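Worksheet: one structure, shown below.
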Amino acid sequence: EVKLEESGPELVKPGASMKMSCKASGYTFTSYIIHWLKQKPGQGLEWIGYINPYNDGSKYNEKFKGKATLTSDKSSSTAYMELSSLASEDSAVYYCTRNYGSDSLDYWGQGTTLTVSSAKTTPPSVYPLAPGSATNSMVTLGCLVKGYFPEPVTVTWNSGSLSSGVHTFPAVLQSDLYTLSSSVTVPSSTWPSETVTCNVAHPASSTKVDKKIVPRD
Amino acid sequence: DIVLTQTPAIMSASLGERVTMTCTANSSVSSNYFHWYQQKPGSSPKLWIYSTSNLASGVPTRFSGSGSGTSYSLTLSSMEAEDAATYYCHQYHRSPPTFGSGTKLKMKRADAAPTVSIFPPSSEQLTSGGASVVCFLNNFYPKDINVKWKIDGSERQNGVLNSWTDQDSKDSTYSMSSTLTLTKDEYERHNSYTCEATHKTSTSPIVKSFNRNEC
Ligand SMILES: *[C@@H]1O[C@H](CO[C@@H]2O[C@@H](C)[C@@H](O)[C@@H](O)[C@@H]2O)[C@@H](O)[C@H](O)[C@H]1NC(C)=O
Ligand SMILES: [K+]
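So the sequence lines, in the order shown, correspond to chains F and U. Note that this note's numbering has the first sequence beginning at 22, numbered continuously upward. Note that this note's numbering has the second sequence beginning at 168, numbered continuously upward.
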């Protein structure tokens with residue numbers, strides 16, 4: 022199986038640089054060009070450049086030829102992109118992707134979320150959302166994920182959720198801290214009987230949270 | 168950097184309907200180096216069509232592509248639920264390769280009223296000196312909705328964060344979260360917190376309230 026595995030999310034300060042990686046496996050690394058692209062939230066894709074790991078040659082979007090440097094390490098089958106002298110508008114998801122026949126992009130990395138900001142990396146506070154003491158055949162519960170920076174966070178539930186019963190809302194930024202929420206709708210015979218837990222990961226701070234939804238006493 | 172303009176930018180289709188979207192290039196591009204991608208929220212793009220009209224591995228046969236010169240199209244013979252996504256065109260006739268702004272294809276479905284749920288601040292949050300009241304408005308259609316917060320009968324507008332999911336993979340409805348955040352001191356000066364939803368499915372708001380004296 023062909024896989025492109027990108028490095029994790031990072032926060033970088035304005036004026037500094039970032040280097041991210043794209044680890045290739047399952048095929049002959051040196052036989053295929055790898056492209057690097059940028060995608061801002063709610064925008065299309067912008068091409069930065071490519072690396073040819075066969076001859077170490079890289080080609081650049083003229084816009085990026087100063088800022089970007091693409092390299093590869095044959096020893097580890099890994100391509101890298103360095104972006105220098107960063108500013109807030111370099112904040113985006115960056116993809117590596119393999120050049121296939123007629124220069125279509127067939128396999129893609131999962132994306133690396135880069136945030137450029139003066140703010141501090143902060144882990145999330147996670148709070149249980151349980152109904153107020155005031156039930157239907159279904160009950161909605163949730164968790165509120167507050168006070169973290171940067172993106173992303175992931176939320177996974179342990180629950181008896183029904184069809185279309187799990188909703189995790191895109192985060193909203195306010196004052197250098199994100200708020201995210203997630204709801205789960207479960208049959209009322211399953212809770213508080215069976216344990217329901219909201220599992221939050223924040224890779225940028227190397228933290229997780231396993232929050233149990235306890236009924237209000 | 169050859170500009171590619173995709174139209175329409177946004178469109179909706181009911182199940183079973185034919186859908187065509189176009190991509191117009193500002194310069195001629197060889198059909199051998201024109202490709203399409205599909206992207207769903209939170210996921211990487213997927214190669215969808217290569218060299219104008221060849222389907223990528225796993226792409227349903229209801230899709231096709233055509234074009235030459237500056238005018239290209241992706242056609243879907245029968246709209247299905249899993250086809251709601253953003254579609255991007257791509258030219259590699261010249262360096263740098265460029266991509267379209269996207270056509271976001273949505274699924275039309277029957278109107279659905281929001282199911283509203285309200286939650287008080289957790290005891291855990293109350294130790295932080297903040298207090299959030301959360302309102303979920305789940306599984307509604309269409310997307311158009313207005314949410315109002317009332318604190319002891321008066322509208323509250325400050326400290327409200329709203330977020331919407333994109334169409335649910337299974338039932339194609341939207342959901343929304345509304346979080347009112349106050350200081351703990353401000354939170355404890357009021358009794359009742361009400362989230363009120365106005366949606367086309369009801370002439371009356373769909374509302375839920377929490378009061379501090381009941382809990
Ligand atoms: C690219 O094209 C955009 C749309 O213009 C229309 O389509 C192009 C291909 C021409 O046929 C033009 O006469 C049409 O009105 C423009 O809005 C845009 O400015 C163009 N961009 C550049 C950089 O030239
Ligand atoms: K726990």
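Where a beta carbon is used, it is the ideal one built from N, C-alpha and C, also for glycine.
For residue i, which residues from the same chain have a beta carbon less than 7 Å from its beta carbon, with the 5 sequence-adjacent residues on both sides left out?
i: F:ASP111; result: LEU104, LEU135 and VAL137
i: U:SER220; result: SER231, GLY232 and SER233
i: U:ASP168; result: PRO263 and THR265
i: U:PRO288; result: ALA298, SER299, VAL300 and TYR354
i: F:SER98; result: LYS44, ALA45, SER46 and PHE50
i: F:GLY153; result: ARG237
i: F:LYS80; result: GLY70 and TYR71
i: U:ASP333; result: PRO208
Check the Cβ-Cβ distances between residue i and every residue of chain F, and say whether any is below 8 Å.
i: U:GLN292; result: yes
i: U:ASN305; result: yes
i: residue 159 of chain U; result: There is no way to answer for residue 159 of chain U, as the model of chain U reaches only from 168 to 382.
i: residue 161 of chain U; result: In the structure as shown, chain U starts at 168 and stops at 382, and residue 161 of chain U therefore has no counterpart that could be examined.
i: U:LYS337; result: yes
i: U:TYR308; result: no
i: U:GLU381; result: yes
i: U:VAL186; result: no
i: U:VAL170; result: no
i: U:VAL374; result: no
i: U:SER342; result: yes
i: U:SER295; result: yes
i: U:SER369; result: no
Can you find a C-beta in chain U that's less than 8 Å from the C-beta of residue i?
i: F:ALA155; result: yes
i: F:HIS188; result: yes
i: F:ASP111; result: no
i: F:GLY163; result: yes
i: F:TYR148; result: yes
i: F:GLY29; result: no
i: F:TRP212; result: no
i: F:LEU126; result: yes
i: F:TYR75; result: no
i: F:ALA140; result: no
i: F:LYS233; result: no
i: F:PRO144; result: no
i: F:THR136; result: no
i: F:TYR115; result: no
i: F:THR228; result: no
i: F:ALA225; result: no
Taking buried to mean at least 16 other C-beta atoms within 10 Å of its own C-beta, is residue i buried or exposed?
i: U:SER284; result: buried
i: residue 386 of chain U; result: What the structure shows of chain U is the stretch from 168 to 382, and residue 386 of chain U is not part of that stretch, so it cannot be assessed.
i: F:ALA151; result: buried
i: residue 390 of chain U; result: No statement about residue 390 of chain U is possible, as the shown extent of chain U runs from 168 to 382 and does not include it.
i: F:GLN64; result: exposed
i: F:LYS167; result: buried
i: U:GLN324; result: exposed
i: U:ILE177; result: exposed
i: U:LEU349; result: buried
i: F:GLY132; result: buried
i: U:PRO227; result: exposed
i: U:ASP319; result: exposed
i: F:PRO145; result: buried
i: F:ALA155; result: exposed
i: F:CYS117; result: buried
So, for residue i: in the same chain, excluding its five sequence neighbours on each side, which residues have a beta-carbon less than 6 Å away from its beta-carbon?
i: F:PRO74; result: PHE50, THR51 and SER93
i: F:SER109; result: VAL137
i: residue 124 of chain U; result: Shown here, chain U extends from 168 to 382; a query on residue 124 of chain U therefore has no answer.
i: F:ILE234; result: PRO149, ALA151, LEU162 and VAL217
i: U:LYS207; result: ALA252
i: F:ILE54; result: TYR71, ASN73 and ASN120
i: F:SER28; result: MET41, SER42 and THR133
For residue i, I'd like the list of residues in its chain whose CB is within less than 8 Å of its CB, leaving aside the five on either flank, ordered along the chain.
i: F:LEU183; result: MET159, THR206, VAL207 and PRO208
i: F:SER38; result: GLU103, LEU104, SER105, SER106 and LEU107
Open item on the list: Any residue with its Cβ nearer than 5 Å to a heavy atom of ligand 1 should be included. What is that list in chain order?
Closed with: U:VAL170 and U:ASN193
- [ ] With 7 Å as the limit, tell me which residues of the stretch 196–215 of chain U have their beta carbon closer than that to any beta carbon of chain F; keep them in chain order.
- [x] Of all residues in the stretch 196–215 of chain U, only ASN199, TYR200, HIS202, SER211, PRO212 and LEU214 place a beta-carbon less than 7 Å from a beta-carbon of chain F.
Open item on the list: Please identify, using Cβ separations under 8 Å, the residues of the stretch 310–334 of chain U that lie next to chain F, in order along the chain.
Closed with: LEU328, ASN329, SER330, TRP331 and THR332
TODO: With a cut-off of 7 Å, give the chain-ordered residues whose Cβ is closer than this to any heavy atom of ligand 2.
DONE: F:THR218, F:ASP231, F:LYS232 and F:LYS233
TODO: Determine which residues of the stretch 48–73 of chain F have a Cβ less than 7 Å from any Cβ of chain U, and write them out in chain order.
DONE: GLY65, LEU66 and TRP68
Open item on the list: Using a Cβ-Cβ cutoff of 8 Å, what residues of the stretch 275–289 of chain U are near chain F? List them in chain order.
Closed with: Against chain F - using a Cβ distance shorter than 8 Å - the residues of the stretch 275–289 of chain U are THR282, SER284, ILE285, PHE286, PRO287, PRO288 and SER289.
Task: Against chain U: residues of the stretch 170–203 of chain F by CB proximity under 7 Å - done: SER184, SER185, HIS188, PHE190, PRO191, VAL193, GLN195, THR200 and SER202
TODO: Name, going along the chain, the residues of the stretch 238–272 of chain U whose beta-carbon falls closer than 8 Å to a beta-carbon of chain F.
DONE: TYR255, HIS257, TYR259, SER262, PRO263, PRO264, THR265, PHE266, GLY267, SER268 and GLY269
Task: Members of the stretch 79–91 of chain F that neighbour chain U once the beta carbon cut-off is set at 7 Å - done: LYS80 and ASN82
Open item on the list: Any C-beta of chain F within less than 7 Å: which residues of the stretch 216–234 of chain U qualify?
Closed with: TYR217 and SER218
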